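Peer 1: compute the structure for the input listed below.
(chains A, B and C, ligands or ions: 6)
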Amino acid sequence: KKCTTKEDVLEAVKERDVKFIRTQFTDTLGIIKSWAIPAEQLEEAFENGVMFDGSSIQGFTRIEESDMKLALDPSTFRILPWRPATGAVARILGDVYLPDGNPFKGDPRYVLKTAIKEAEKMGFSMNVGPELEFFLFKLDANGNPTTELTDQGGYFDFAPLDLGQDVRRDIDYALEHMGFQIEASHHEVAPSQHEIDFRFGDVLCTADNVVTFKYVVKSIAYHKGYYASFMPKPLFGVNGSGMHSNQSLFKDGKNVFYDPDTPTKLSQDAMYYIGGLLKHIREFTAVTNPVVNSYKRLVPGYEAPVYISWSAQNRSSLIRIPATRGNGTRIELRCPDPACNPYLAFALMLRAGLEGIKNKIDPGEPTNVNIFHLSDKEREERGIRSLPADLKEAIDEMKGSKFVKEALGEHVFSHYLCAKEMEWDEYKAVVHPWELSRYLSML
Amino acid sequence: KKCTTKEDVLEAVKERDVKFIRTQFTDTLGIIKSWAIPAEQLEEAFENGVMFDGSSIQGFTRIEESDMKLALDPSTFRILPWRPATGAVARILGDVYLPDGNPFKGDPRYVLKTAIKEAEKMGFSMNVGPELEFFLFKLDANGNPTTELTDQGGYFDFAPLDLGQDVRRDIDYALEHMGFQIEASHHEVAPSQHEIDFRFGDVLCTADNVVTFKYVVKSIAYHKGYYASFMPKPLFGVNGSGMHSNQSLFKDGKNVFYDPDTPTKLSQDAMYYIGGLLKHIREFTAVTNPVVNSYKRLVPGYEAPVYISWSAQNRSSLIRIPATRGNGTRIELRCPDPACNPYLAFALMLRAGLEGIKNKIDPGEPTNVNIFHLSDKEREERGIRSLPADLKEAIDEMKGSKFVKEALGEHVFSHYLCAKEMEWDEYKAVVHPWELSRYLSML
Amino acid sequence: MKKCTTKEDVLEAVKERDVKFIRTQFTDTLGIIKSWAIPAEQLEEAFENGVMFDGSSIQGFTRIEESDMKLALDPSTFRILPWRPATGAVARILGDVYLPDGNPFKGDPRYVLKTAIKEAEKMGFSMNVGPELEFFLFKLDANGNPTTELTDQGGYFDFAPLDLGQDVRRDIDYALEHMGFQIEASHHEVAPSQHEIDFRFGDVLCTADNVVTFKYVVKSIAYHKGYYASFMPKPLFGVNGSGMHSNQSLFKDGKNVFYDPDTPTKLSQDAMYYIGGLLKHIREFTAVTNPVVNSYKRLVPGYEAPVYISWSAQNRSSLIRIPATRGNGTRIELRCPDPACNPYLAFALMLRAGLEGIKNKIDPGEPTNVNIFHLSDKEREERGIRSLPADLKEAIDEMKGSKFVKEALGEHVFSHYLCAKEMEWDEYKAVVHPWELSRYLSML
Ligand SMILES: [Mg+2]
Ligand SMILES: [Mg+2]
Ligand SMILES: [Mg+2]
Ligand SMILES: [Mg+2]
Ligand SMILES: [Mg+2]
Ligand SMILES: [Mg+2]
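Peer 2: Numbers count the residues shown, from 1 in each chain, chains lettered A, B, ... in the order given. Ligands and ions are numbered 1, 2, ... in the order given. What follows is the structure:
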């Protein structure tokens, strides 16, 4: 089941009776985009490319069309894990080009590719294993999503044990049937919350899978009567959903972060990589935490980190070093939530870590104390800064950042910020029922 | 009906058959406070004072009691506008003292008195006429307040014309029966919204009346089946409720703001007074706009001002000069909402205006253009700043302000900020239904 | 079924039986069953290098920070679950938890039971356990949530229920036998909709693993037939609660060391000392055998649950009972625990207490052949008959100052267990219950 050439794809389409091909790409804000191609037209698509409206990539801030061409990558062909009676369905990715023949710089996948390209200039290749947390909710009588609980279980609980036990198994099976190579799946801290850990793979292939994961899990749950939610904080008072990103660099086949003779067995480049991450994380929190609801997860008192720090012992730090060493040496960034665009988030993580190695950015001493247990003046002395407290603050930090603008390009940078600003200007004017409950009788 | 001495009060209590006396004071956050005294004990109260728990003034941030004494002011005695079958009811104010005999610096009324005291050092006395906007809503089946409309009328509409016509008349009559001397009352822009304009009077007496107004209107409406709401923005998409504060200074009986020979007929001190207001308004917006809901009114596109500016022509400026001249020359600050503590708000307005005259603070050229019609870069050149966009930003501006700390005192200053911070930390973590409507199906 | 010994045994069985997912199985400090799924393709590498996982999951709801830990899979614990999804077969597997430095994690309750077994081996003893698990079978509401709605109104040993509940009850028994549980007996219990399943009398470590497996297997099977299986100690007022009677005996040289043909009761001196140690320390770890606030709504007089510390051979209502069987079947039954307890911690502490009795020759005193429930405080005080802790707070306080429980559990488990139970009690003691409104709202 390893596809390399267009002839590999075409023969598998004929042998497996694939009738529809679905393109897969994402817009600037991480929404999954697609259109359907009948398989009869697939051979022409491989030869000539497929023309489509490129403003779909631009987000919801689009006004004008832009004719663009999608050059299909046969190595991304993959059959979807459901079987219509008519025939099989498969997804395929590709690269977006302008009519003049130049690659469209506004595709988030292209943005990730340039970061991979800059990493290869120094001989580095990046591997990532994301830990994706989500909620399994009930549908109402009309089939609409709700936040109604499907179980009351806790961390690593063997739950649910009713019919929800079968949908969770169906989700894991569907991913395995598609070649995901899941490492582990388990119940998360909050009721009805679940986590699936990806295999440690190369960043580009992993990023494509994070996108595929989201609509596969969504579709499988829907067809069983449940709703899979990737909201950061759908429920007050319980754990939010993060997307922890374990990352590692390789050069000449060996792990760049590992060093057998150092006290912590962590290399100098590992320290530099953390320094770049710590130096720039505030500038692209708006990308790792892209929606207004993201910052309801980034509040003190839960697993989510709100203070910029690193440690090898405390969990609640922004960056944590797992105990694993050798070829598996990795660092874990714990702030992102599964609403982020994986292409933009992974690219900025790579660029920030690369800038740490380039500029020999010291990360400081690790914070082994639970920072939540500290006063504001204590953190002030130790130089412990915090993440932006809402989307608007994150927007302002990203607005004036030379690092983020150069890494995304002036087109992705502008369009992402403009959409997020429109988002906040809508939210900031809403009068919420909490305000009514608090002030109607008081004032 | 003019009371001057304790014997004036005691005889009127006997003649008018007053059976209960209600003390009236406010806490640090502007909530109206009270306790009941049977009229038989009133004569002892005038002689010795009344001991009460002073931590009631401290707000909801109180932990320890503090025994304090209220020295009743017989000139504030006033009979309430409803008539129980048992007997009449009256309100009375006073000054709060510590057991050692010193005035308690934490009473907001005392804070206003010191600003009046500092104004008298330069020969100034301040007169204020507040324009109080409120909403008239329906009660549900259980008598609880709602936001259900009582009319659909607009600006200056003769509405409502149903039974709501009688409660609005009852409210105006009750205030007139109590000696308020209302200037005008009319329908406001939003449906079910109403405004009552006070007589131009001295700041201390006016501030006491703003407090009395709130619970009188509340009680009169309740007993007719309606709810009077003083929320800034109870309803999205329609006008909020402000408390415009027209103010003027007098020295030697003549209006300090008037000058017959100047082009605009406005004196130099009037310009200085505006300059101090403009220089400091950002530092005490947290007092004029004290609740989270206040900044749902301070959004662009309605009558509320969000840009720091002054003009004699445009309404939508933060400070506006009415056309009236001579003894009636006044300036109007349009940002406050009726949730503010009138003692703290008027005191800071007086101090800021006084600091303008002391330091000869130029207010700049007036902005006669509708600032809302301008780009961000246009306002940048003209030095046009904006008000804080939420309660947290207003808290931070007040936290580091030497002017506000000195004018309120270190005890009111600390307690006010601590309560408002607890307020924001509760609001910032709430997951609102708007987030569910926007992100549950998307993410 | 089959018995697996090597990793090659398990890997073969995965292929020939089309097992697609392996579920790890362990417990947190409080006894909550913990698991995560491994794809069968990953299983071969799991046997070679172990599986990294967040070991703070073992701490319970008192976990402060993450802790990387390794699970070394035990091939002999591989067992196929008794449901057959269309996708493929499912199996569970246990293992040992190791720290990154290579040492075993002392906070795993399974490790705690294993060191108790090691103390028995030092004195030449191996311990066998047969538990009797009581549970309730309730209806689900219209939304699929558990209720306390009855499924039958039968009593002790009744042939009930006889409606569709007869089938789910039989499905539970069939699936346990399908996994090789070798059930001794299953019957209706005293309370309506209450049931009992009697485990095979076998090795303590294997039996403790089966108790954890039993709970989620019964719950999942009941769930899929529209019923809820409850292991609450006392879900309903006014009827019997659910207990976990723990039969036990020691063996040495393949002989039962509790049996003596020569003595009058046909019990050896070691059995007397073993009882003495149990009676000496039972108060100090009642918080382990009866771990939740609801446990002490069962530990009240009048419903078969023992509240007084005594032993006897005749009447069951004693804390410790001697069944009539002798010879190789000689055992002593401890009747205080409920199915909410962690079996690893409860069995470990029973063993340690009994072994402490043997090594210190602790006399158990005269048996109390009368029903203690018929005695005054004066009569009970005259015979020096003590009570079990009356609520979780009292049991916590008795466990907090026990040097014995701290040594047997280890510091990590000891503090983490107590801290969690204290937070549980502090939350409970502040609640204003509807019973208080019914009694006081009108009166005061
Ligand atoms: Mg997690
Ligand atoms: Mg993690
Ligand atoms: Mg108006
Ligand atoms: Mg006005
Ligand atoms: Mg029984
Ligand atoms: Mg029994």
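
Peer 1: which residues of the stretch 201-350 of chain A lie near chain B?
Peer 2: By Cβ under 8 Å from any Cβ of the partner chain, the part of the stretch 201-350 of chain A that sits against chain B consists of A:229-231, A:233-236, A:291-293, A:296, A:299, A:338-339. The way it works is simple: take the backbone N, C-alpha and C, and place the C-beta from them, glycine included.

Peer 1: which ones among those map onto strands?
Peer 2: Judged by DSSP state E, strands contain the following of these: residue A:229.

Peer 1: all helices of the stretch 1-150 of chain A, in order?
Peer 2: Ranges of helices within the stretch 1-150 of chain A are A:6-15, A:42-48, A:108-121, based on DSSP state H, counting those that start in this stretch.

Peer 1: looking at the residues of the stretch 201-350 of chain A next to chain B, which is nearest residue A:215?
Peer 2: residue A:230 (10.3 Å; Cβ to Cβ).

Peer 1: SS state for residue A:247?
Peer 2: In the three-state summary, residue A:247 is assigned as strand, counting by DSSP: H, G, I helix; E, B strand; the rest coil.

Peer 1: burial count for the residue nearest to it when sequence neighbours are not counted?
Peer 2: With sequence-adjacent residues excluded and distances taken as Cβ to Cβ, 6 or more residues apart in numbering or on different chains, residue A:247 is closest to residue A:128, at 5.1 Å. The tally of other residues near residue A:128 (other Cβ atoms under 10 Å in any protein chain shown) stands at 25.

Peer 1: I figured residue A:200 hits residue A:245, correct?
Peer 2: No: the pair residue A:200 and residue A:245 fails to qualify as a contact (Cβ atoms under 8 Å) at a distance of 11.2 Å.

Peer 1: what do those two both touch?
Peer 2: Here residue A:200 and residue A:245 share the contacting residues A:128, A:129, scored by Cβ atoms under 8 Å, 6 or more residues apart in numbering or on different chains.

Peer 1: contact residues of the stretch 251-400 of chain A facing chain C?
Peer 2: A:313, A:314, A:315, A:316, A:320, A:322, A:323, A:324, A:370.

Peer 1: quick one: contacts for the fifth one?
Peer 2: Translated: residue A:320. Taking Cβ under 8 Å, 6+ apart, one finds A:310, A:311, A:312, A:314, A:331, A:332, A:334, C:66 in contact with residue A:320.

Peer 1: who does it form a beta bridge with?
Peer 2: Following DSSP bridges, residue A:320 is listed with bridge partners residue A:311, residue A:332.

Peer 1: hang on, the earlier thing: may I ask which of the residues of the stretch 251-400 of chain A next to chain C has the most neighbours?
Peer 2: Neighbour counts for these were taken using other Cβ under 10 Å; the highest belongs to residue A:320, which has 25 neighbours.

Peer 1: where is the longest strand in chain A?
Peer 2: strand A:125-139.

Peer 1: what lines up beside that one in the sheet?
Peer 2: By DSSP bridges, strand A:125-139 pairs with strand A:145-149 (antiparallel), strand A:193-197 (antiparallel), strand A:201-202 (antiparallel), strand A:226-229 (antiparallel), strand A:243-251 (antiparallel).
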